[PDB]
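This report refers to the structure that appears directly beneath it.
Quick note: the coordinates plus some simple rules give every number you see, no bench work behind them. All Cβ positions, even for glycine, are placed from backbone atoms using ideal geometry, and neighbour counts span all protein chains on display.
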Amino acid sequence: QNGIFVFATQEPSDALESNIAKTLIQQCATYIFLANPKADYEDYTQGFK
Amino acid sequence: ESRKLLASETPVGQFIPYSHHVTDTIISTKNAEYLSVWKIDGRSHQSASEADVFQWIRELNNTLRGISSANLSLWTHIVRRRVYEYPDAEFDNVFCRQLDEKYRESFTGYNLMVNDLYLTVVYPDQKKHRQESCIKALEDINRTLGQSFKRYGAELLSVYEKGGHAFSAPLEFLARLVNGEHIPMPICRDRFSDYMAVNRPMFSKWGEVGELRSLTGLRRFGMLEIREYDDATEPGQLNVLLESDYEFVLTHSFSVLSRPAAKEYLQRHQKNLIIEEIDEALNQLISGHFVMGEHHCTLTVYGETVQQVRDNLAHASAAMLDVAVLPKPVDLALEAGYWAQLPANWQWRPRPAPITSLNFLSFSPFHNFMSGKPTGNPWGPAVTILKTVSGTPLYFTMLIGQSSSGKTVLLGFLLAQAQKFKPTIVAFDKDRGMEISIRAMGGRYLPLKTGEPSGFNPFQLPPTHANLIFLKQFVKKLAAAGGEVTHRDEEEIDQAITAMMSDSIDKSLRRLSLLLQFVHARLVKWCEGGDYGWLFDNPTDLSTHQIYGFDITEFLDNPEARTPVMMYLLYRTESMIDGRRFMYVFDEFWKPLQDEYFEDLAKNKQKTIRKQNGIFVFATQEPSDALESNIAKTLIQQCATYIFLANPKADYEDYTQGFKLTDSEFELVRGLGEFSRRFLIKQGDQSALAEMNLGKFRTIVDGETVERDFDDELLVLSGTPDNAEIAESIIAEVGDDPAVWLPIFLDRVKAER
Amino acid sequence: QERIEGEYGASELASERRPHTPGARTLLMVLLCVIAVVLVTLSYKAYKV
Amino acid sequence: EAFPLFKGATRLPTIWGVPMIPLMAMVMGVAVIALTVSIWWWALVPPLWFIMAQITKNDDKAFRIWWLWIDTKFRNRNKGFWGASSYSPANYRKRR
């Protein structure tokens, strides 16, 4: 019935670790990535497709 | 005119080259060409690295090239077929009946078909001499193939007796080749060629399709043929026809060929061409690394109407063209091809074209999706049928994996569907999860908890000398808080138990507290008024129901009490196993089993019980925590049907070293989603990433998509202490019968939802 | 005296027909027209000689 | 990495590029014609021999298919009665 979740995050590294964030990362259609001076291959590729 | 038309026919015997069984595994032929049939459980292909299928082909070719006599032949036969043998199961529980009706409703529109591979390696006094020479040669070939198919689950088919008469196992397969059905072929007193066809075939004058006029119904078959290879023999390129929506029979042939003749064929190719490729080809052939042979492959699709069989033929042609083997439907030689499927028929093959042996074993690597055995099992029909990510259904023990991923859901599902066997069950669970299910299956569930009286005690035990042995052992094990038990303590305990259990003392008076009147100071704590007086010193102390349950949740923190509780419960269940179908199950096994006492008794009674239909269905939440201990090791190595579950955290060491799981399969397990329902069954060497799923779907009834949901049974089967603490309330208000209180329990569920 | 109802009669396979590529007939006819005019002129000289 | 497959497949034993068995059939047929009507008729060899070379080069094993059809689906007597070529399952070998 026309529901939407618009999540957000400051430290995507801190989120993908927990169980709860996993289903919600995989359950979001429209990703919107932002920039960071520090990046890690593992999180961005493995978690966020 | 009836007789005139009758006598003027060519019977099918002219085309079927078979005769008497000469050995229980080998069939003769009018040309004296003895053969044997090899039923093969093809090893899985999905769950392996690409290089490892190369390695499998290497091993297979290495074993073949030893025995590939110039006199040999091979007919592989992957007879895709649909399952008509899976009887609907009677039931008594209402909850189980609903669950099974819903589950079988969830299969409307699913490929219910099982692959069946095969292999037939073919080969007066001097007639007898030829007879033993051929039998011994072929028997050596059979032994070598059996030893070479260790990981392929092969089984040589041989005569079996039913009702004081001989029924042939191979003849049923070759008859399936002739008839299109599975007619049980007995061993009568004629040549098999005379009476082995019970279906009048009919082939079109100008076409590719035919028709089998049988009692049970017409079956229209349309053959097909391969005639154009390419610059490749990629391993298992004919896998795409395993996933088919059309029931067919593939075929092959490899008439192994002499080294001079093969070298001449390759010299002919060299001459026509004329560098380095044929240099190495010829050098290998001389150096004995492959053996050429004459080959032909005839996919024949079965169907019910001529349009549909043509549609399936076009589909199969598209499938073959996808893997770069240009097929052309057989049109003029339909009948010759159809008579070229029966093993020991070279004179009927349409297009025999020589190829490398590596290449033939690449057209038939004996790959197969795991399917299991629907019928013929020791208990009977298969317990459940599970969705597989591949698509082909699996016709279904140590479950391992981090919980809440459906482990309790899974075990409840199996234990709920397994009642077609009417099996006894004894469920040691954790965190009250199985209470709702065990109550729904109409058996006693004891919810053991601290602070409430235990409810069962050994006061009224039978007095036989063996039972005296057990009770003496128990009180010698219960004694632990006091300290070390001496020889004198033992004598005292023995005399006391003997005196108490004498005919002079009334059963109703027998209690731990009474025992004290006959070590005393140390047992006081287990008596009424002591710290543990609520457990075994009850005033009154099992054959009523079938599916029992016991909760041992609070005993994970208890070092001392695990041994008495498990000792007593297991002893009571030991007397149960007298041949009836018995199914022990467990949960987080090691901690209940982390006891120095009964590891040896467990292994010995395990070997004993396994005979009279005994089963252990283990479980685990943290497989890392289990493999460490000694006790869990024998039990990991003593479980046939692994069922792995997913985990966000995985370790190479445990999964590979302990659980005999390969590297590709381990990476597959790691790749699983966090909470996606996907569990890797591993019965034997074969593997299959199956998934029982409880998602939303549509039903084809009366043209009505009746939305059917499994959540009404999920909230029953799924483990929830919260849901259980209100289920207990509603049962307390009305405890009539699980068949009766189930609707009102669902009502209160809808009230809280 | 009629075929007995609801039985297996002759095959349904005799209904099959060999399809014709829908260019063979027309161009085959025209090809034979030209080859025939050549051959008739040829036998015209045959008899005339 | 696929195992090499060489195109010595169905490179049948051929003389002049034509298999032995069908060419011998043509030799027998042309010899029959020569002995029957006239002796000038070993000129019937090169035309049909060349057409057979062109047939074999395109589709190497046409003649085996031809012979299989001729032997089986052409011999079967009651093609018309059944609407299709059929072989009786019960072995009626004309005995009683």
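Using only alpha-carbon positions in segment B:601-753, the gyration tensor eigenvalues give semi-axes of 36, 24, 17 Å once each is multiplied by 5 and square-rooted (largest first).
All other residues whose Cβ lies under 11 angstrom from that of B:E234 are scored, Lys and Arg at +1 and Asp and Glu at -1, for a net of -4. Put in line by how crowded their Cβ is, counting other Cβ atoms within 10 Å and starting with the fewest, B:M370, D:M52, B:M320 read D:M52, B:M320, B:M370. Across the protein assembly as shown, Cα-Cα distances exceeding 37 Å account for 62% of all pairs.
In order along segment B:201-208, the Karplus-derived 3J(HN,Hα) couplings, from 6.51 cos²θ - 1.76 cosθ + 1.60 at θ = phi - 60°, round to x, 9, 10, 5, 5, 10, x, 10 Hz, and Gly and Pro are given as x. Electrostatic bookkeeping for B:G483 treats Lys and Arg as +1 and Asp and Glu as -1; over the other residues with beta carbon under 10 Å from its beta carbon, the sum is -1. Here is the list for chain A: chymotrypsin sites (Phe, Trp or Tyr not before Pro) lying in DSSP coil, each with at most 16 other C-beta atoms within 10 angstrom of its C-beta, are A:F5, A:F7, A:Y31, A:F33, A:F48. Spin-label model, B:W379/B:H520: points 7 Å from Cα along the beta carbon direction are separated by 5.3 nm.
Would you mind giving the mean number of other chain beta-carbons within 10 Å of the Cβ of each residue in D:68-78, as a whole number? Mean shielding count: 6. Shape of segment B:446-497 from the C-alpha gyration tensor: oblate (a/c of 1.5 or more and a/b not above b/c, with a ≥ b ≥ c the square roots of its eigenvalues).
Run the Debye formula on the Cα coordinates of segment B:271-341, all scatterers equal and no solvent, and tell me log10 I(q)/I(0) at q = 0.16, 0.20, 0.25 1/Å. The computed values of log10 I(q)/I(0) come out as -0.78, -0.93, -1.16. Residue exposure proxy: A:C28, B:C134, ordered by other Cβ atoms within 10 angstrom of their Cβ from fewest to most, comes out as A:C28, B:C134. Counting only DSSP beta bridges with both residues in chain B, the antiparallel share comes to about 70 percent. A crude spin-label estimate for the pair B:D625 and B:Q14, with each label 7 Å from Cα along the Cβ direction, gives 7.6 nm. Rounded to two decimals, the Cα radius of gyration of segment B:246-367 over 2.2 N^0.38 Å is 1.24. Going by neighbour counts of Cβ atoms within 10 Å, the residues D:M26, B:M292 line up, fewest first, as D:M26, B:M292. Rounded to 0.05, the FRET efficiency of the B:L714 and D:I21 pair, given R0 = 60 Å and the Cβ-Cβ distance, is 0.25. Is the C-alpha gyration tensor of segment B:228-284 telling us rounded, prolate or oblate? Criteria: a/c under 1.5 is rounded; beyond that, a/b larger than b/c is prolate, otherwise oblate. It comes out prolate by the Cα gyration axes. Panel note: the C-alpha atoms of segment B:102-164, placed on their principal axes, show extents of 66, 34, 17 Å (largest first). Hull volume per residue, based on the alpha-carbon atoms of segment B:424-549 and their convex hull, is 131 Å³.
In plain terms, if you count all Cα to Cα distances in segment B:391-490 and split them into 5 Å steps from zero, the share in each step is 2, 8, 13, 13, 14, 13, 13, 10, 6, 4, 2, 1, 0, 0 percent.
As a ratio to 2.2 N^0.38 Å, the alpha-carbon radius of gyration for segment B:530-660 is 1.17.
Considering only B:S718, C:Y8, B:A7, the residue lying farthest towards the positive end of the dipole of the protein assembly as shown is B:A7, judged by Cα position with unit charges set on Cβ.
Taking only the alpha carbons of chain D, we obtain Rg and Dmax values of 19.9, 64 Å in that order. When you count the other C-beta atoms within 10 angstrom of each residue and take the mean per peptide, B:684-696, C:17-29, B:246-258 line up highest first as B:246-258, B:684-696, C:17-29.
Cα-based values for segment B:1-137, radius of gyration first and Dmax second, are 23.8, 70 Å. For chain A, the Stokes-Einstein estimate of translational diffusion at 10 °C and a viscosity of 1.306 mPa s comes to 133 µm²/s, using the Kirkwood hydrodynamic radius over alpha-carbon pairs. Would you please classify the overall shape of segment B:365-431 from the alpha carbon gyration tensor, given that a ≥ b ≥ c denote the square roots of the eigenvalues, rounded means a/c under 1.5, and beyond that prolate means a/b larger than b/c while oblate covers the rest? Note, shape of segment B:365-431 comes out oblate.
Rg of the Cα atoms in segment B:689-753, relative to 2.2 N^0.38 Å, amounts to 1.40. Annotation: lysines with alpha-carbon distance below 27 angstrom to B:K477 (same-chain offsets under eight excluded): B:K430, B:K449, B:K507, B:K525, B:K591, B:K603, B:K605, B:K607, B:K633.
Placing one identical point scatterer on every Cα of segment B:424-464 and ignoring solvent, what is log10 I(q)/I(0) from the Debye formula at q = 0.16, 0.18, 0.32 Å⁻¹? Cα-only, vacuum Debye calculation for segment B:424-464: -0.56, -0.67, -1.15. Distance between the C-alpha centers of segment D:67-96 and segment B:690-716? Whole Å please. After rounding, the separation between the Cα centres reads 53 Å.
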